[PDB]
Amino acid sequence: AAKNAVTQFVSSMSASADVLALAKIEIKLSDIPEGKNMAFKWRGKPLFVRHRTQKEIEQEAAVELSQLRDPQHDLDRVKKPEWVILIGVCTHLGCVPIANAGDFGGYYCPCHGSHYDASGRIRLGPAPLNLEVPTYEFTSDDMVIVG
Amino acid sequence: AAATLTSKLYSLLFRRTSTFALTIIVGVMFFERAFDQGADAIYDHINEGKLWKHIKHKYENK
Amino acid sequence: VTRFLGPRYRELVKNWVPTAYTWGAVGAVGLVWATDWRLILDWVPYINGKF
Amino acid sequence: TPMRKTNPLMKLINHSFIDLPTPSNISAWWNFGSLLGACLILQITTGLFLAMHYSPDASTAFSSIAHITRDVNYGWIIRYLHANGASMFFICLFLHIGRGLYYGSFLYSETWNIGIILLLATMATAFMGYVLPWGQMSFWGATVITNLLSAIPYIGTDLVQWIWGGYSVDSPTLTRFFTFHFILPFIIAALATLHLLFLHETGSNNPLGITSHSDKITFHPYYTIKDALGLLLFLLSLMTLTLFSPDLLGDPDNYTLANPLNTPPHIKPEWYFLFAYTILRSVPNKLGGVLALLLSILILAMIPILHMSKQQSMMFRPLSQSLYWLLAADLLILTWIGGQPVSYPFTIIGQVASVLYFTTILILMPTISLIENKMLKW
Amino acid sequence: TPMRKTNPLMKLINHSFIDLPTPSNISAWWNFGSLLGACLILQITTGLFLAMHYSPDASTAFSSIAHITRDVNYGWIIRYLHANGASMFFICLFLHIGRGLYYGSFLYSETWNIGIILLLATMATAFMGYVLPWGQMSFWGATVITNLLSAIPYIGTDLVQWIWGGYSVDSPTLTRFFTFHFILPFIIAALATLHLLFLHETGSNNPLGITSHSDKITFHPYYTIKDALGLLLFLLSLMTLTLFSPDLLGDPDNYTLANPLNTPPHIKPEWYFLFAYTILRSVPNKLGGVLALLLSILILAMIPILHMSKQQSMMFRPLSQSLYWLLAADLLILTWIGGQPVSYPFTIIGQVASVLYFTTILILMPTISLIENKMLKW
Amino acid sequence: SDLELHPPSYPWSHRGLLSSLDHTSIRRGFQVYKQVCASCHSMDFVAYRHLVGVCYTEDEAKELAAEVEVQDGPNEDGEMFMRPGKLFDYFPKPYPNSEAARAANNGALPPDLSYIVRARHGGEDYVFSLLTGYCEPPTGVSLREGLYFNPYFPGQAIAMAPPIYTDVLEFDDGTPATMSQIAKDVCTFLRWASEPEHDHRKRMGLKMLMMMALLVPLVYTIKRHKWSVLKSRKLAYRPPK
Amino acid sequence: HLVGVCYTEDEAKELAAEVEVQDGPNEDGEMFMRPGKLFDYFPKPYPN
Amino acid sequence: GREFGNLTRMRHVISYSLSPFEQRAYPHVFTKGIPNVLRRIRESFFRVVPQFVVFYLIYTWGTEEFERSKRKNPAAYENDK
Ligand code: HEM
Ligand code: HEM
Ligand code: HEM
Ligand code: HEM
Ligand code: FES
């Protein structure tokens, strides 16, 4: 009985039915067109998702490992290159970058001109490190868990 | 003059308090599972056709 | 510290060895049950109400 | 030389627990005091988890309660073990005072007075805590009971506004009560340590009332398991009360969110304060019911002075026993009257029950104590 | 037959305060210990009046403090006395521990260990309390500190989310931290009672290190006014820190709202934690930095074992005294390094300062103690 | 005036000390709530989840949550676009604010149903009888046409129009749609709405009765085992005289 | 706030009126604008 | 202070006591146990019960009279005619 007491109180602290509900969930269709972006709310953070053309995968992979302001091998990042999924917040002062914009074909921040490549890595502008890559995994071919 | 089972049981498990606490813990190990599934089976038995887990048949496994 | 080693202390530690392994079994099994550790509990023959 | 008698910490555990002598002939009632300590230990920890989720604001409080009852894991069990645990705390407390009134344990006057102080602190604690749910009953219970302070002649309203933190009960007041209700029990624990501190230097009383030094017993082997049986029976009553009919002892129409605009039709205090409420509602004039409310709890200090019997224990004095159970029945009368809407049949019985409640503890008891003193040729 | 000797409460006060012998030659440093005893009261009382307005929701925790500093009458003085009061608390604390390390007071090993546990308690209290205001540094500090728990190899993230109450720091974490912050200091008080309990059966140490039984003196006539003067100087320095330069021990950015999205530059934790934080900055490995962190405070427990000199106080042993002030200078070095962004000059000095911090008291001190032994021909 | 009639007790399935709520009734009662109730009654504290483990399957809950659009936070600019809806969303507000609800109901405010059962005295028993009963007004008493005479209502003149009658709604279960069955399913669903924990609480009450009945005799025997030395002792007195 | 530091209370009551803010809902209505009073905070330039 | 080593003096009062394991935890339960509880109840009964019985009569009366006080609404209109 004592365990059924003790762990029970511990169970009160572990989480909550709503916090578990508001978070993690973000099942989404794979219907998104290549090169087309769609923002999505997730744990309060903006979160863009964009299918991308193979040529963009080529120009992203072509980028030198050393040239990057915040170097990070591309194939090592995304699990499947054709899809990119990113937090919508720029790493500088937190302004949200415009979807599918900038010279490098990734994202562009209106606030101070920060640029991004299709892989979401920082390439130009004040912002230090690369756009965050949330952990996630595909389930059904049309759907994806985000978290 | 036949030996009682307790005469050997005490000679083995209960003679030392460490083995005593040990057999108590293993006893909790089995008792938790057995008693829990038993009480669950009973409470499931009193109210057949009420609990939704039994109502799942209208829509489960395709 | 050097004094603790000796001819009779070996005998004493040897006398308390079975008690040491037994309470070690107590702490181990007690931890496995208190935590509902899944890894060993998958292996136990009857305690499988976990799904 | 046992390790317990050498270690300065263990000496306290050794004297206060393991080896203090107790009368051999102690009965079930003496368990309740220990139970109170356990109840406190339960009222703290359980309530502490509620503190992890409750948000003390005029708007968010009730919604936070729904959050506890639903979205929080196992939260409703905590809320009900807590809310019913308080009522259990008052059952054990009233019985605990009652045995003292019976067996003449009040002769330990300093411990008696400290116990009274624990009683008042417990009342302020439970009262400030009942406001936290911020249900329909809570806002108006706090409203009326704090409006009682209006009565004091010069301080009157200025004092009431100083408690409210404003011109009416509102969020700042709810936060006030959240803090005070959070802090008082921890004072109650220290005062309880003082309580036992004035108790243990004289020794526990026995039901016969005769000194029992001839047959003292070490506390551990016997009373640890006896008190353990008491803890188990206590958990029996509490767990049944919460897991089978949690709300029978609670008040329906508390769940509706508080409306300053609207007054609930019956509006009554929860039962453990409630007998005292009659002493308010029965007495004419706003101030006299307040003074009667004070005397109702403060007499207890006056009681040891009023003792006249040459004995101690009630068991050898049946004529006093009749008045004692008569008084208990009078208390039940006060509770049932306080559970009811104003009307002449109730108010009359309230007048009679109140006046009888004071006459039995002031006038009647000492006189029959004298008569019993003369029946035995003293 | 004085009454102090009769009534048990007056007995205990006669022990702990009025009559217990102390060495006559006790200096100004021991006073700091009593000052800590004072500070806690302030940190309660003052803090008790901040809890009456503070709302532990993430959406309103900041605006409520704006409500305290602005809307509430005389709220800002309570705010600043509280915040600066914690700083004075840790200053007296560090001086106290340094006093105990210098005069060989660690030989009272049980009292020493209770002091260590009480230290960890005060640290957790100050941390969660600093998390309460819900500014930039508060929110970010919580995220950074909490992740360290994630370091533990197997349990890690499940445990970390168990502290968070969610995926990320948010309102429930804030409410939880408000509860633990509310509850811990009183536990610190009970520990303090244990602390003084173990302390008094041997008696306070004296600066010479020689036993002072020949020159014991009652506490009341002298040390009460000595501690009155020390408490007065304490209130002086505290009020000067609050009414003239409230901010300088603090850090701007807390006055900004927390942003889960945006990240602040300097990201420096409040100053008393800084040196420990440098150690995290010093070891490249995560779990290694965590263990070095826990060793940074546990290490105090190993000091009595490492003692080698046949004397207590450093005052008769100048070499070890010089090592001691090297240690203090090193702590100033880490404490300053914690305020600085990582760069070539800082990272190298931080690592050297940490390694020196461990090596000076795990190696050099016992050895030079042995040298001091051989120099004095025994 | 005179106190309201006291409702009769009913032989409900869940009033047994160990018996549980019937989930099919909760389903059908929710299906009553979605139409006749939802138009003019909020349920502030119930999400489209909760239903996931009690009646509707998670996928069916996903399909159900999307059937009504919900307000959401700003996109570009403010503009406040409305989402199709998700599981964590709560039941939709019939009105933006209480004052509008009063305007739609001659000043009367329809109470939240999230705790309507455990609030009223007599509990859900107050509810069924409130719905089942609409006697024609007594001779010698008169009231406003907007008011309606329901004797079980304490004011004895409820502003609510008689919400239900036979075949107001057609159950998917195919069960007959008598107003009695409707009100029954409503009271069952509201009872669940106010006590989500009921089914688990009965289950833990059983388990505690078994553990407690198992434990009391044992601890008592331990106490008898310790106290037996005292109960069995036989002191004697042997003066030198 | 300003009433004790600079403006006299009448001056603050005049100055507060010059800018207006929305109020609580009308009966069978909503969100009408109000002239404003001393207890009002300085106006927020954007809804969000 | 009042430790077992120093309390009341007492002189040759011999006593006897078996080991717990040497004797049953439930000696003669039916022959002596139940009748004892019954004698105890018979002793407490008349002392305790009647006041409570008195309480009940008052409780019944109060509710009933209140019923006459209110539910006999028709008596007042009947007075009206
Ligand atoms: C939180 C509240 C309380 C706690 C924790 C507490 C605790 C205790 C404990 C453990 C005892 C030991 C004897 C026993 O357990 O029966 C005791 C004795 C006593 N208490 Fe309490 N008590 C409380 C409230 C009260 C109250 C309200 C009163 C009086 C109105 C009181 C008066 C007494 C008296 C007179 C004794 C002496 C009993 C004897 O000598 O046998 N206490 N208390
Ligand atoms: C003797 C001590 C205490 C008593 C008698 C007591 C009693 C109560 C009561 C009667 C309520 C009302 C609950 C309800 O009606 O639903 C309550 C609520 C609450 N209490 Fe306590 N309490 C005590 C101590 C504590 C302590 C020590 C804490 C925290 C450490 C605490 C925290 C809370 C909280 C957060 C609530 C609100 C939850 C709710 O209202 O359901 N209480 N308490
Ligand atoms: C040794 C004991 C304590 C220490 C060292 C301590 C220290 C602190 C610190 C450092 C802060 C951060 C404030 C800031 O930086 O602005 C704080 C805030 C706070 N403390 Fe304490 N505290 C202690 C005990 C207490 C107690 C007993 C209470 C009881 C109510 C309390 C209530 C609060 C509250 C409510 C806040 C946040 C409110 C605000 O900051 O405006 N603290 N404390
Ligand atoms: C709020 C925190 C603390 C309080 C209230 C406190 C309280 C006290 C008090 C009142 C004394 C009496 C002697 C004196 O004041 O010098 C004392 C002595 C002592 N304290 Fe503390 N203490 C605290 C923290 C600590 C810590 C953190 C340590 C060690 C790391 C410690 C170790 C000691 C030792 C070893 C003594 C013995 C003094 C001697 O031997 O002369 N204390 N403490
Ligand atoms: S905020 Fe992202 S670049 Fe300035």
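In the set F:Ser98, F:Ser114, F:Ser129, which member is surrounded by 15 or more Cβ atoms within 10 Å (Cβ to Cβ), hydroxyl-bearing (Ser, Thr, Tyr), under 29 Å from F:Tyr152 (Cβ atoms) and within 11 Å of another protein chain (Cβ to nearest Cβ)?
Working: F:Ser98 fails: surrounded by 15 or more Cβ atoms within 10 Å (Cβ to Cβ); F:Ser129 fails: within 11 Å of another protein chain (Cβ to nearest Cβ).
Exactly one of F:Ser98, F:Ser114, F:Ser129 is surrounded by 15 or more Cβ atoms within 10 Å (Cβ to Cβ), hydroxyl-bearing (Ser, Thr, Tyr), under 29 Å from F:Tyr152 (Cβ atoms) and within 11 Å of another protein chain (Cβ to nearest Cβ), namely F:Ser114.
Of all residues in segment D:27-59, which are over 23 Å from the mean Cα position of the chain (by Cα) and either among the charged types (D, E, K, R) or closer than 20 Å to D:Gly115 by Cα (or both)? Listed by number, the list holds a single entry, D:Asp57. The single condition from (1) away from ligand 3 (no atom under 15 Å from the Cβ); (2) among the aromatic types (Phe, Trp, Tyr); (3) within 14 Å of chain D (Cβ to nearest Cβ) that E:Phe17 fails is (3). Tallying residues that are within 10 Å of chain D (Cβ to nearest Cβ) and away from ligand 2 (no atom under 16 Å from the Cβ) within segment E:51-69 yields 5.
Kindly indicate which of H:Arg42, H:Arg11 is without any contact (Cβ under 8 Å) to a residue 12 or more places away in the chain and over 36 Å from the mean Cα position of the chain (by Cα). Break it down stepwise before answering.
Details: H:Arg42 fails: over 36 Å from the mean Cα position of the chain (by Cα).
From the options H:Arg42, H:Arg11, the qualifying one is H:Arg11.
Among the candidates E:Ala276, E:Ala258, E:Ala328, which residue alone is within 14 Å of another protein chain (Cβ to nearest Cβ) and of a type in the set (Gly, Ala, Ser)? Step through it out loud before you land on a result.
Working: E:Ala276 fails: within 14 Å of another protein chain (Cβ to nearest Cβ); E:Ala328 fails: within 14 Å of another protein chain (Cβ to nearest Cβ).
Answer to the check: E:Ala258.
For segment E:165-175, the criterion of being surrounded by fewer than 17 Cβ atoms within 10 Å (Cβ to Cβ) and of a type in the set (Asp, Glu) is satisfied by no residue at all.
Assuming H:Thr8 fulfils every condition listed in (1) in contact with a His (Cβ under 8 Å, 6 or more places away or on another chain); (2) more than 9 Å from chain D (Cβ to nearest Cβ); (3) β-branched (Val, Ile, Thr) apart from one, which condition is it? For H:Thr8, the exception is condition (2).
Here is a yes/no grid of residues against (1) basic (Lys, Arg); (2) within 14 Å of chain E (Cβ to nearest Cβ); (3) within 16 Å of ligand 4 (Cβ to nearest atom); (4) touching a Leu at 6+ places or on another chain (Cβ under 9 Å):
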{"position": "A:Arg50", "(1), (2), (3), (4)": "yes, no, no, yes"}
{"position": "A:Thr53", "(1), (2), (3), (4)": "no, no, no, no"}
{"position": "A:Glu56", "(1), (2), (3), (4)": "no, no, no, no"}
{"position": "A:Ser66", "(1), (2), (3), (4)": "no, no, no, no"}
{"position": "A:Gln72", "(1), (2), (3), (4)": "no, no, no, yes"}
{"position": "A:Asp76", "(1), (2), (3), (4)": "no, no, no, no"}
{"position": "A:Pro81", "(1), (2), (3), (4)": "no, no, no, yes"}
{"position": "A:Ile87", "(1), (2), (3), (4)": "no, yes, no, yes"}
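Residues that are under 23 Å from F:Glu124 (Cα atoms), of a type in the set (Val, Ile, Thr) and in contact with a strand residue (DSSP E or B) (Cβ under 9 Å, 6 or more places away or on another chain) within segment F:18-73 comprise just one, F:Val46.
A single member of F:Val216, F:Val229 is of a type in the set (A, V, I, L, M, F, W, C) and away from chain H (no Cβ under 11 Å), and it is F:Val216.
Screening D:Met315 with (1) within 29 Å of H:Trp61 (Cβ to Cβ); (2) within 11 Å of chain H (Cβ to nearest Cβ) gives one miss only, at (1).
Within segment B:27-52, the residues that satisfy the criterion of being in contact with a helix residue (DSSP H, G or I) (Cβ under 7 Å, 6 or more places away or on another chain) and more than 30 Å from F:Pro196 (Cα to Cα) are B:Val28, B:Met29. When the residues of segment F:16-42 are filtered to those that are surrounded by 21 or more Cβ atoms within 10 Å (Cβ to Cβ) and hydrophobic (A, V, I, L, M, F, W, C), the one that is nearest to the other protein chains (Cβ to nearest Cβ) is F:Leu21.
Can you name every residue in segment F:80-95 that is within 19 Å of the chain's Cα centre (by Cα) and away from every other protein chain (no Cβ under 13 Å)?
Quick first cut of segment F:80-95, residues within 19 Å of the chain's Cα centre (by Cα) only: F:90-93.
Correct list: F:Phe91, F:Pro92, F:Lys93.
Within segment E:326-362, the set of residues being over 25 Å from the mean Cα position of the chain (by Cα), over 11 Å from E:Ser282 (Cβ atoms) and not hydroxyl-bearing (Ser, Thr, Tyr) comprises E:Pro345 only. Of the listed requirements (1) within 14 Å of another protein chain (Cβ to nearest Cβ); (2) surrounded by fewer than 15 Cβ atoms within 10 Å (Cβ to Cβ); (3) not hydrophobic (A, V, I, L, M, F, W, C), D:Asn285 misses just one: (1). Here D:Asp247 passes the criteria (1) more than 23 Å from D:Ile91 (Cβ to Cβ); (2) without any contact (Cβ under 8 Å) to a residue 12 or more places away in the chain; (3) among the charged types (D, E, K, R) except the one numbered (1).
Conditions tested, residue by residue: (1) more than 16 Å from ligand 2 (Cβ to nearest atom); (2) among the aliphatic types (A, V, I, L, M); (3) free of Cβ contacts under 8 Å to residues at least 40 places away in the same chain; (4) closer than 19 Å to A:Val49 by Cβ.
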residue	(1), (2), (3), (4)
A:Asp70	yes, no, no, no
A:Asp76	yes, no, yes, no
A:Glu82	yes, no, no, yes
A:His92	yes, no, yes, no
A:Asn100	yes, no, no, yes
A:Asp103	yes, no, yes, no
A:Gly106	yes, no, yes, yes
A:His112	yes, no, yes, no
A:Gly120	yes, no, yes, yes
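Restricting the search to helices (runs of 4 or more DSSP H) fully inside segment D:1-93 and requiring at least 1 residues that are without any contact (Cβ under 8 Å) to a residue 24 or more places away in the chain and within 16 Å of ligand 4 (Cβ to nearest atom) gives D:8-13. Criterion applied to E:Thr111, E:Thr125 was being within 8 Å of ligand 4 (Cβ to nearest atom), hydroxyl-bearing (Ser, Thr, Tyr) and out of contact with any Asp or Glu (no Cβ under 9 Å at 6 or more places or on another chain), and the one residue passing it is E:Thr111. Just wondering, is there one or more residues in segment B:11-33 that are closer than 25 Å to F:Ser19 by Cα and not aromatic (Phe, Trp, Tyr)? The answer is yes; a qualifying residue exists.
Here is the figure for segment H:2-52: residues that are aliphatic (A, V, I, L, M), loosely packed, with under 11 Cβ neighbours inside 10 Å and touching a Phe, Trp or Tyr at 6+ places or on another chain (Cβ under 8 Å) total 1. Just name the residue that is surrounded by the fewest Cβ atoms within 10 Å (Cβ to Cβ) out of those in segment D:71-119 that are away from ligand 2 (no atom under 13 Å from the Cβ) and among the charged types (D, E, K, R). By that ranking, first place goes to D:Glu110.
Do we have any residue at all in segment A:128-139 that's in a strand (DSSP E or B), within 14 Å of chain E (Cβ to nearest Cβ) and more than 16 Å from ligand 1 (Cβ to nearest atom)? Outline the logic, then answer.
At the first step, the residues of segment A:128-139 found to be in a strand (DSSP E or B) are A:136-138.
So of that shortlist, the ones also within 14 Å of chain E (Cβ to nearest Cβ) come out as A:136.
Filter once more, keeping what is more than 16 Å from ligand 1 (Cβ to nearest atom): A:136.
Within segment A:128-139, one or more residues are in a strand (DSSP E or B), within 14 Å of chain E (Cβ to nearest Cβ) and more than 16 Å from ligand 1 (Cβ to nearest atom).
Close Cβ contacts (under 7 Å, 6 or more residues apart or on different chains) running from residues in segment C:24-51 that are more than 10 Å from chain B (Cβ to nearest Cβ) to residues that are assigned to a loop (DSSP other than H, G, I, E, B) comprise C:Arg38/C:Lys50. Within segment D:104-131, if we keep just the residues that are part of a helix (DSSP H, G or I) and within 14 Å of chain E (Cβ to nearest Cβ), the residue that is nearest to ligand 5 (Cβ to nearest atom) turns out to be D:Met128.
Heads up, the Cβs are rebuilt from the backbone with ideal geometry, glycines too, and the neighbour counts pull from every protein chain shown. Any read-out appearing in this document is the output of simple, stated calculations on the displayed coordinates, not a laboratory observation.
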